[PDB]
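Since the structure comes first, as structure tokens, the remarks are kept for the end.
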Amino acid sequence: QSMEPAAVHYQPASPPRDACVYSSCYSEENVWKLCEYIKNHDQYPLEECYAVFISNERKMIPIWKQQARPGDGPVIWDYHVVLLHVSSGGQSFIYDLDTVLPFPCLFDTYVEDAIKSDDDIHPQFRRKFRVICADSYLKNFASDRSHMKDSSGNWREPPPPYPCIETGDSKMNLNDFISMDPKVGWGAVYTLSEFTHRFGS
């Protein structure tokens, strides 16, 4: 036997998975919409929440436990975005609308099963994490979806059913979030081990 505050009665910050606004291959906007819900629902301080971009320099990251590939294999994304809630006791939860893990999922469980160790992964596939305060994300993110069009301008995947997210300052800055260069964009950039050291139990 081994003993471990525990958030055993944790109440989710979002509606259940199937009630959330969601478009396949627009995880940056799915997470934005979760941030918007949290802001307007007055249950948790927005400052407890973070958008988390996952990518790397070659824009090829494996993620396991993904709905797009049922089974034990990874999806190789160019980038993927999830929501992190650091609950007030310190236990973190991951909200990934694309995972087959629970929604939400305990942080440690998400990193062990969906992310896995980088130790034995070929180095050009290793994961980095850009962590942006949810308030800063809502204030600064903009995407005109121009990255989801083919060479003739037609959609590669159908867009979300609402107008493009834009700010007063920009209509497209998605590359500043996918970038893992800490000299670019908002928030903090972590290696996988730095990320787990910072938020893990």
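We name chains A, B, ... following the order of the structure tokens; residues begin at 1 in each chain, and ligands are numbered from 1 as shown.
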What are the closest atom pairs, with distances in Å to one decimal, for all residues of region 17-83 of chain A lying within 8 Å of region 171-186 of chain A? Consider only C-alpha atoms, order rows by chain and residue number, and present the result as CSV.
residue,atom,partner,partner_atom,distance
A:53,CA,A:178,CA,6.4
A:54,CA,A:178,CA,7.4
A:55,CA,A:178,CA,6.3
A:56,CA,A:180,CA,6.1
A:57,CA,A:180,CA,6.8
A:79,CA,A:178,CA,6.5
Compile a residue-level contact table for region 17-128 of chain A against region 149-161 of chain A at a cut-off of 10 Å, reporting for every qualifying residue the shortest atom pair and its distance in Å to one decimal, with only C-alpha atoms counted, rows ordered by chain and ascending number, as a tab-separated table.
residue	atom	partner	partner_atom	distance
A:21	CA	A:160	CA	8.7
A:22	CA	A:160	CA	7.5
A:23	CA	A:160	CA	5.6
A:24	CA	A:157	CA	7.7
A:25	CA	A:157	CA	7.1
A:26	CA	A:160	CA	7.5
A:29	CA	A:160	CA	8.1
A:30	CA	A:160	CA	8.8
For the residues in that selection, give me N, CA, C and O atoms as a PDB file, in the first residue's frame.
ATOM      1  N   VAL A  21     -18.792  23.107 -27.965  1.00  0.00           N
ATOM      2  CA  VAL A  21     -18.574  23.517 -29.348  1.00  0.00           C
ATOM      3  C   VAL A  21     -17.285  22.884 -29.859  1.00  0.00           C
ATOM      4  O   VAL A  21     -16.237  22.971 -29.206  1.00  0.00           O
ATOM      5  N   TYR A  22     -17.354  22.229 -31.022  1.00  0.00           N
ATOM      6  CA  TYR A  22     -16.226  21.413 -31.474  1.00  0.00           C
ATOM      7  C   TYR A  22     -16.223  21.272 -32.986  1.00  0.00           C
ATOM      8  O   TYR A  22     -17.253  20.937 -33.584  1.00  0.00           O
ATOM      9  N   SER A  23     -15.051  21.481 -33.589  1.00  0.00           N
ATOM     10  CA  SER A  23     -14.797  21.189 -34.993  1.00  0.00           C
ATOM     11  C   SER A  23     -13.485  20.442 -35.114  1.00  0.00           C
ATOM     12  O   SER A  23     -12.459  20.921 -34.630  1.00  0.00           O
ATOM     13  N   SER A  24     -13.520  19.303 -35.796  1.00  0.00           N
ATOM     14  CA  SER A  24     -12.326  18.504 -36.021  1.00  0.00           C
ATOM     15  C   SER A  24     -11.281  19.321 -36.770  1.00  0.00           C
ATOM     16  O   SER A  24     -11.595  20.010 -37.746  1.00  0.00           O
ATOM     17  N   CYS A  25     -10.042  19.278 -36.267  1.00  0.00           N
ATOM     18  CA  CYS A  25      -8.868  19.924 -36.838  1.00  0.00           C
ATOM     19  C   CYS A  25      -8.848  21.426 -36.591  1.00  0.00           C
ATOM     20  O   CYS A  25      -8.103  22.144 -37.265  1.00  0.00           O
ATOM     21  N   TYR A  26      -9.643  21.930 -35.642  1.00  0.00           N
ATOM     22  CA  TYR A  26      -9.574  23.323 -35.203  1.00  0.00           C
ATOM     23  C   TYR A  26      -9.418  23.398 -33.688  1.00  0.00           C
ATOM     24  O   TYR A  26     -10.074  24.199 -33.012  1.00  0.00           O
ATOM     25  N   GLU A  29      -9.355  26.652 -31.846  1.00  0.00           N
ATOM     26  CA  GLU A  29     -10.611  27.352 -31.628  1.00  0.00           C
ATOM     27  C   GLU A  29     -11.496  26.614 -30.630  1.00  0.00           C
ATOM     28  O   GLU A  29     -12.213  27.261 -29.864  1.00  0.00           O
ATOM     29  N   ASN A  30     -11.452  25.277 -30.612  1.00  0.00           N
ATOM     30  CA  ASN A  30     -12.205  24.531 -29.606  1.00  0.00           C
ATOM     31  C   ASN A  30     -11.788  24.963 -28.206  1.00  0.00           C
ATOM     32  O   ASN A  30     -12.629  25.196 -27.334  1.00  0.00           O
TER      33      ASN A  30
END
If you run DSSP on the backbone, which residues of region 106-197 of chain A are alpha helix (DSSP H), as a short mmCIF file (atom, residue, chain, number, x, y, z; two decimals) with N, CA and C atoms, in the first residue's frame?
data_model
loop_
_atom_site.label_atom_id
_atom_site.label_comp_id
_atom_site.auth_asym_id
_atom_site.auth_seq_id
_atom_site.Cartn_x
_atom_site.Cartn_y
_atom_site.Cartn_z
N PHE A 107 -4.11 15.54 -14.86
CA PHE A 107 -2.89 15.91 -15.59
C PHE A 107 -1.92 14.74 -15.73
N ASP A 108 -1.57 14.09 -14.61
CA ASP A 108 -0.58 13.02 -14.66
C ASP A 108 -1.03 11.89 -15.57
N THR A 109 -2.32 11.57 -15.55
CA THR A 109 -2.83 10.52 -16.40
C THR A 109 -2.76 10.93 -17.86
N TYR A 110 -3.10 12.19 -18.17
CA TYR A 110 -3.01 12.64 -19.55
C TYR A 110 -1.57 12.57 -20.05
N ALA A 134 -5.32 31.83 -19.90
CA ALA A 134 -6.56 31.84 -20.69
C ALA A 134 -7.04 33.25 -20.95
N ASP A 135 -6.84 34.15 -19.99
CA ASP A 135 -7.18 35.56 -20.21
C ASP A 135 -6.37 36.15 -21.36
N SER A 136 -5.05 35.92 -21.35
CA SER A 136 -4.21 36.40 -22.44
C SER A 136 -4.60 35.76 -23.77
N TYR A 137 -4.98 34.47 -23.75
CA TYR A 137 -5.40 33.80 -24.98
C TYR A 137 -6.64 34.46 -25.57
N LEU A 138 -7.66 34.67 -24.74
CA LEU A 138 -8.88 35.32 -25.22
C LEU A 138 -8.60 36.72 -25.73
N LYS A 139 -7.67 37.42 -25.10
CA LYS A 139 -7.41 38.80 -25.50
C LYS A 139 -6.61 38.89 -26.79
N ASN A 140 -5.76 37.90 -27.09
CA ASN A 140 -4.74 38.08 -28.12
C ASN A 140 -4.83 37.12 -29.30
N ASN A 175 0.49 31.41 -36.17
CA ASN A 175 1.88 30.96 -36.18
C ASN A 175 2.67 31.39 -34.94
N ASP A 176 2.27 32.48 -34.27
CA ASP A 176 2.97 32.92 -33.06
C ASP A 176 2.65 32.05 -31.85
N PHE A 177 1.63 31.20 -31.96
CA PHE A 177 1.25 30.25 -30.92
C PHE A 177 1.79 28.86 -31.21
N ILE A 178 1.78 28.45 -32.48
CA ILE A 178 2.37 27.18 -32.88
C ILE A 178 3.88 27.20 -32.67
N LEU A 192 9.05 18.86 -22.62
CA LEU A 192 8.12 17.95 -21.96
C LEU A 192 8.49 17.77 -20.49
N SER A 193 9.76 17.52 -20.19
CA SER A 193 10.14 17.33 -18.80
C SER A 193 9.93 18.61 -17.98
N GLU A 194 10.20 19.78 -18.56
CA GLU A 194 9.91 21.03 -17.86
C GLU A 194 8.41 21.20 -17.60
N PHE A 195 7.59 20.85 -18.59
CA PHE A 195 6.14 20.95 -18.47
C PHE A 195 5.61 20.06 -17.36
N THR A 196 6.04 18.79 -17.34
CA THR A 196 5.59 17.87 -16.31
C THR A 196 6.14 18.25 -14.94
N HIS A 197 7.37 18.76 -14.88
CA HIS A 197 7.93 19.20 -13.61
C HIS A 197 7.14 20.38 -13.05
#
Among chain A, which residues carry a DSSP assignment of strand (DSSP E), reported as a PyMOL selection string?
chain A and resi 49-55+61-63+75-77+80-86+92-95+105-106+128-133+188-191
Closest contacts (region 29-133 of chain A/region 7-15 of chain A, max 9 Å, only C-alpha atoms) as a tab-separated table:
residue	atom	partner	partner_atom	distance
A:34	CA	A:14	CA	6.7
A:37	CA	A:14	CA	7.1
A:38	CA	A:13	CA	6.4
A:41	CA	A:13	CA	8.7
A:43	CA	A:13	CA	7.3
A:44	CA	A:13	CA	7.1
A:85	CA	A:13	CA	8.1
A:87	CA	A:7	CA	8.0
A:89	CA	A:7	CA	7.1
A:90	CA	A:7	CA	8.5
A:91	CA	A:7	CA	6.4
A:95	CA	A:14	CA	8.6
A:103	CA	A:12	CA	8.5
A:104	CA	A:12	CA	6.9
Filtering to C-alpha atoms, could you give me those residues as a PDB file, in the first residue's frame?
ATOM      1  CA  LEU A  34     -13.808  26.581 -23.706  1.00  0.00           C
ATOM      2  CA  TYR A  37     -17.307  29.552 -21.601  1.00  0.00           C
ATOM      3  CA  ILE A  38     -15.209  29.614 -18.435  1.00  0.00           C
ATOM      4  CA  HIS A  41     -19.796  31.077 -16.479  1.00  0.00           C
ATOM      5  CA  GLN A  43     -17.519  29.311 -11.679  1.00  0.00           C
ATOM      6  CA  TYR A  44     -13.697  29.442 -11.693  1.00  0.00           C
ATOM      7  CA  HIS A  85      -7.008  23.957 -15.408  1.00  0.00           C
ATOM      8  CA  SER A  87      -7.397  23.880  -9.640  1.00  0.00           C
ATOM      9  CA  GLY A  89      -5.673  23.006  -4.446  1.00  0.00           C
ATOM     10  CA  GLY A  90      -2.927  22.386  -7.030  1.00  0.00           C
ATOM     11  CA  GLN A  91      -4.331  19.349  -8.852  1.00  0.00           C
ATOM     12  CA  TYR A  95      -9.525  19.269 -21.198  1.00  0.00           C
ATOM     13  CA  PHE A 103     -12.946  14.821 -20.327  1.00  0.00           C
ATOM     14  CA  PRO A 104     -11.551  16.287 -18.143  1.00  0.00           C
TER      15      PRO A 104
END
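Counting only C-alpha atoms and comparing A:68, A:189, A:20, A:6, the residue that lies closest to residue 92 (chain A) is A:6.
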Write out as number ranges by chain the residues lying within 8 Å of region 76-78 of chain A, counting only C-alpha atoms and excluding same-chain residues fewer than 6 positions away.
A: 55, 59-63
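The closest residue to residue 86 (chain A), picked from A:16, A:45, A:168, A:71 and counting only C-alpha atoms, is A:45.
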